[PDB]
Amino acid sequence: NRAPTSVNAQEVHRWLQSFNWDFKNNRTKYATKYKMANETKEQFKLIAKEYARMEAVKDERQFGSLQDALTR
Amino acid sequence: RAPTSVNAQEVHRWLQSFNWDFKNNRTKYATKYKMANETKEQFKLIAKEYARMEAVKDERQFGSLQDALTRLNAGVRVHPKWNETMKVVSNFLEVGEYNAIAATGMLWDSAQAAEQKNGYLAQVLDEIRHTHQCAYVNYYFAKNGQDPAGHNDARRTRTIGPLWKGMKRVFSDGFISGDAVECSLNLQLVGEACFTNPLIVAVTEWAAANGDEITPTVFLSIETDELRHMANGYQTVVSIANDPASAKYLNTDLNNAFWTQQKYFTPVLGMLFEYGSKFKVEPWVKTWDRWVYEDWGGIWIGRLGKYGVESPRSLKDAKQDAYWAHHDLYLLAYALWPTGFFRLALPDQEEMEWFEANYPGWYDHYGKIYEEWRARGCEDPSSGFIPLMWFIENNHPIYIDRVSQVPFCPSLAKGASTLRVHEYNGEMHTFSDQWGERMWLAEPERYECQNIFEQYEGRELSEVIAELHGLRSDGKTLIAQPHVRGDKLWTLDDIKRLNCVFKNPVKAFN
Amino acid sequence: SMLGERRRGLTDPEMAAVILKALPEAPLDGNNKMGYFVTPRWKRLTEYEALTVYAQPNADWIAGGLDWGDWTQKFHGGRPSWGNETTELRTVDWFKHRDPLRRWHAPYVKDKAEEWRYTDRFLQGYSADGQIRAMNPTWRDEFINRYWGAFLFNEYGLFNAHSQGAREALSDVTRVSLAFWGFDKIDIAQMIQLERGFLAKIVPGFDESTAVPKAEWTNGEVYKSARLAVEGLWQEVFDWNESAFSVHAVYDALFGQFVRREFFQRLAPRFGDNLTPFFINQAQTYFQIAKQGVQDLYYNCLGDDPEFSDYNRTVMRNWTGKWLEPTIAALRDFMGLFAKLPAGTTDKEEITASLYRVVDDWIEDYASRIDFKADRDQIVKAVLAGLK
Amino acid sequence: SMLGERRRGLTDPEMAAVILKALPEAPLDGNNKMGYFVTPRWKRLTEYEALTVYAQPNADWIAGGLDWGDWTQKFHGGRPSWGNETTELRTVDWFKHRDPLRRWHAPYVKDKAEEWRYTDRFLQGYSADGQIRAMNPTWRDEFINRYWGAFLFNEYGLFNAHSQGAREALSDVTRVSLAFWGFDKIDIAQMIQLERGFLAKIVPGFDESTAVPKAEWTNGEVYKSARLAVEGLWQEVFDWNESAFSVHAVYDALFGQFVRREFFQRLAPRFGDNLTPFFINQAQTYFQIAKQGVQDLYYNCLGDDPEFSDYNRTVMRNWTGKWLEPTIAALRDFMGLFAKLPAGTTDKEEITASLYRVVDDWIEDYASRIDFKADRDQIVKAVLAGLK
Amino acid sequence: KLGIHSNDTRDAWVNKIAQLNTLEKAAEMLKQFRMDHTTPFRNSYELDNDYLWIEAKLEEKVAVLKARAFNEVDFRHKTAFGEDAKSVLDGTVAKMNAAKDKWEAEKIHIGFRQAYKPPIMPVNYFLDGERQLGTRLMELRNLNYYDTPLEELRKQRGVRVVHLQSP
Ligand SMILES: [Ca+2]
Ligand SMILES: [Ca+2]
Ligand SMILES: [Ca+2]
Ligand SMILES: [Fe+3]
Ligand SMILES: [Fe+3]
Ligand SMILES: [Xe]
Ligand SMILES: [Xe]
Ligand SMILES: [Xe]
Ligand SMILES: [Xe]
Ligand SMILES: [Xe]
């Protein structure tokens, strides 16, 4: 009942596809010969917060190595 | 409506007033001194800023360890003698960092000025960080090193040998058992100011010369925190400078503190450095002199003069007992090689040339002896010989200082050879210097630690090793070894066949 | 020089050659797991456990130790460095405990650091967005500066109550947890001051001096019983376990939770104050973090110890009743603050359901763990009686 | 194998000796500072500036360019890869801009990362502490689920309005600021849903589906004009500077600020809601961070440009009046929500004063920087008309 | 079998205390054990290698019985014998302040530890005593620490000098 709970990227991403709504002018501003499918899915289910978390972790190792050990 | 915030200094400016006076606001631990309640600290930190400055150091350290260093294969391309040497330096130092936590916890309970309390508290957390840092080195070398055994279980295997007991004395019990102020000196004014601060950096040096880049990555980070702990030691003498009782006890608590610390690091550090490495960095006699006599005894102790702090009275004595101290001990350490949790090596021709050049006369003594042992087969498990037998045959008993726990052999020693033996209500006690004898005579109930011979009396060597898990994963081959080569490693049976049985060397006076 | 004068064995060709030549063909032991001999609490051993368990040199005479022999140096009088004599509690092994959050130094400072940085960023936005304009002047100058500001000394007192524990704890796992609990306590104390310092910066009439909030704490009347309780838990208790247990599973769990979540966390939003809650969210997050440790230690380990289950619960229940009293005296005295509030802030019907929320939570998380027969209806009654 | 088969020049004796043999005595140039030729904005060149300024390969024919010649490949028809033709604004150098917070990629993800993790710890404590108990049911299920939720589609639209700017911005520094302004918006939209997802987990029966919020946005009366404005800001503006300026310096500065700060941030606490304000804090911190970047680009660089200051101010003044009307209309429709609230929640005076707060800040922080003559009483009057 | 951690002799004491089933009985055995095997003034060093571990097992027995015996208030203020813990402490302290020399102070402290070490006396009083007693004992000893030459000090301590060697 009062168990510590939270929400992760995938749970939120679940409803991302519905973030876009229809209106006449909802179209690309760039010239093209093709029509991109309105219901195309993406492979990885990320949200801004989580995207930042996985890239920052990679940054830590990198600069840490560069600034410390490699420099020495 | 401009962007505004608050930093640690703005909050800390009011930290001194978080404390309120009331009937039972006093320390819970025994002491002879009175820490002033308006004592201030040198660094203005609050819990949050502390955490941040420390997390930044961690990012660097761990990033290198997991990425570049692991990619270079740093945990393997190190010299064998050093891989072993780090099993000791890191785990022994770890216990020092661990008790340091309890030590500063006892100090934070002693101070009355909220600022001084906030000073010790910051060290309480730093020492916890150091315990886990030394832990990581052992952890890392076990996972990616040339020989995990030891790095992987030092916490339990270290209890087999005698070099351990002495370490507990300086970096465990010396840090937390006694008048808070006595403990403070053992830990900060002496322990850190005179030994760890210099050592930490020296270790990274020797480590680097021997191919180890792992250790310098961690110990260089640990180093960045020591200046605050030293400031704690300094502020400790300031918070009691005015108490009249100080002029009556301070100096004797410091002398006792100074002797307690050098009595173990003098012979042990030099030993690990010169015999635990291949490529040398600097003769230990030279080093010892700069650290103890010039840097500490001269400069660091000179600044506390206005607070009534005198140079240690046992200083010159320490200097005379020090010259051969570390060479004398390796003989005992190598001769008792089966009781350790690391592999030892004998000096090679280049090293012997190095020693004689740095310590004129070294060869005619230690060199001839090692060569004797080697020809008789101390490295070959089929010889049936271990140096202890040579001490017994030539009648050279090895004692254990009841106070410092340091092993000494007055019969063979080229350095100190004094020995005092006593009997008190049914128990015998052996001593190696005039200072530790006083400590016992004066505080007999403080030093009742059993030595290995007392504990292992009448016991067969191989069984003690077995009982205390002194083996490698295959439960057959020993962790410890008389050489650092890869083949012909000794097993539990190779030891059993020697049929060696520990005896209490003090009973000879019966 | 561009090449430096120091030669490193990892990069110097000559020194590296000697090093490689001395190396064995393969490692000398296949077991490359540091701490492999530690009994894992979960599926497989964790870094938390490996880096921590057994760092403390306890001998077999202190439940669970792996070393042997007496300590090498003791107190004048024979007092041991660490002993069973420092706590009334008994166990099969002091190394059983495990912070459910598995916090060793690195993760602990990483978190408190992220929080510090976000706190900084939040303040720079709040001041830029001029949100201070929406906060009631009275609640500010009066209840935040005086009453909430006084509560910092109560938190500072709990911080100090940990000192001895920081010295007597019989194991590493327990020592680290204790250390982090108290440290988080002093954190909250410095944050309550931080909020006052900030207001001094954006509100021209605000004075950051602790004089007013301290005076209320020292010679006030609302915190009087609360202060006596604090002074007792800190300086009159020498048992490190009676301290950690009483302060976390009784005093702070009841009085503390009420003053933070049922008074300030509940009423500040009604006076247009989202500032004070930003900080209370941290105190509550920390509270909920600590609870998991306290529970594992005193309930999963000691309270339900395969050998001393009864003895411990008896001692704990005893302890519970011992402090449940000065704790109820703290709460009763506190009620005198609702008479200070502007007419219409809150009625007796609310501050009754909140007290039950507090007590009921204290019962399901602490009291029933040691079977301390607590009565919800009597406690609320005893407290309410303080409403002026 | 213990050593591996790959030989690395840094550690391999043979290979390393070769390398050291070819090394020069000392560096062949002592100027070891990448970017040394970039004009510093502050005292010393910064890491932010060094790693960023001039990454865009513009030629001299695009203000501030350091290259020469046409692009190698253009669009069918001849449209350049990047060009002066994609925006009415003119400047002496497109690389002048500097994000006052000097945010390159690394610092940016670090800060959001810290926020993400503290958000998880906060939710875990809020749920474990059971604070949801004091939240009003009507406020939660009607105003948070439907109205706050619907606002996610608004923040989502402003996010998309940046899609063309990411492609057309004429400089690295502006592109990076532009990217980070839009990324902070989608973050907020997702944070709004994250809150609805959370409530679904701790409150049984609370459906997290976006169906209701979306229907409110696409068919309700409250957000009608807001949607119409967002639809046009996103898809009817092909000028990337008009898009960024109008979005951040007019629409989101008036409508956006009002909804987030004068409605939900202000009223939520009055319903025992400390959950929504938690995220709203992030949104305002982000809003205030974007403001500094927006003011530097449009006011400091473009609006005060030594050669086109007057020209640019006429253009931004033009855009302001163009979008101010739809923004006022958006506020008018929104006023209708106050009618939906419980009696005595707020009054015409609080609402009016709160409207003057947003307008005054906008006039002070934006309107006045380009000499736009805004009449505060007249704007507020036009909006109150929507009060039922 | 023989052993450092597990040995016949230690098993002989588990069964020995395993037979205890009375607080008064188990309490007396502890008080004695502490006189016969701990401290420099012990009656014998015959158990030097196992006493520390055996004592704990004994304290274990006394502790549990004292819990099932004493009622709330008592377990908090009484000793396993029935004497008022507070009385004892305050009484031992009065004596410590009433000591002519370090030799006397040292006996008070050491005796106190042998008699009222938990589970006997409540830890709260014991450690408060350990706080007051230690302070005074130290103050007397540490006063002119290096004056008394080693020959003299040996006599004072009353040690039997078995061998002296010094070049
Ligand atoms: Ca000497
Ligand atoms: Ca309408
Ligand atoms: Ca009104
Ligand atoms: Fe340290
Ligand atoms: Fe230190
Ligand atoms: Xe060491
Ligand atoms: Xe060393
Ligand atoms: Xe041995
Ligand atoms: Xe032996
Ligand atoms: Xe630790």
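Along the chain as shown, the residues are counted starting at 1.
Per the header of the entry, the method used was X-ray crystallography, 2.6 Å.
Including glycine, each Cβ sits where the backbone N, Cα and C put it.
Annotated in Swiss-Prot:
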{"type": "BINDING", "residues": "B:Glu97, B:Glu127, B:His130", "note": "Fe cation 1 binding site"}
{"type": "ACT_SITE", "residues": "B:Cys134", "note": "active site"}
{"type": "BINDING", "residues": "B:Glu192, B:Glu226, B:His229", "note": "Fe cation 2 binding site"}
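Shown on the structure are the features that Swiss-Prot records.
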{"residue": "B:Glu97", "record": "Fe cation 1 binding site", "Cβ within 10 Å": "22"}
{"residue": "B:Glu127", "record": "Fe cation 1 binding site", "Cβ within 10 Å": "26"}
{"residue": "B:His130", "record": "Fe cation 1 binding site", "Cβ within 10 Å": "28"}
{"residue": "B:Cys134", "record": "active site", "Cβ within 10 Å": "26"}
{"residue": "B:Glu192", "record": "Fe cation 2 binding site", "Cβ within 10 Å": "24"}
{"residue": "B:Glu226", "record": "Fe cation 2 binding site", "Cβ within 10 Å": "19"}
{"residue": "B:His229", "record": "Fe cation 2 binding site", "Cβ within 10 Å": "24"}
Can you list the residues of the same chain, besides B:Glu192, B:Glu226, B:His229, whose Cβ falls within 8 Å of the Fe cation 2 site's Cβ centroid? B:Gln123, B:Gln188, B:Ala193, B:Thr196, B:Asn197, B:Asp225, B:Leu227, B:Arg228, B:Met230, B:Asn232, B:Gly233
Here the recorded positions are B:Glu97, B:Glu127, B:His130, B:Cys134, and the Cα closest to that of B:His229 (Fe cation 2 binding site) is found at B:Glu127
B:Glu97, B:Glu127, B:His130 excluded, remaining Cβ within 8 Å of their centroid (Fe cation 1): B:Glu94, B:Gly96, B:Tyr98, B:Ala100, B:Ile101, B:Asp126, B:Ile128, B:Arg129, B:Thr131, B:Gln133, B:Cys134, B:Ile222
Based on DSSP, name the secondary structure state of B:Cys134 (active site): helix, strand or coil. helix
What Cα-Cα separation, expressed in whole Å, is found between B:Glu226 (Fe cation 2 binding site) and B:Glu127 (Fe cation 1 binding site)? 10
Taking only the CA atoms, the spacing between B:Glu97 (Fe cation 1 binding site) and B:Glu192 (Fe cation 2 binding site), expressed in whole angstrom, is 11
Distance filter, Cβ under 6 Å of ligand 4; input recorded positions B:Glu97, B:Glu127, B:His130, B:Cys134, B:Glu192, B:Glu226; output B:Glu97, B:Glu127, B:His130
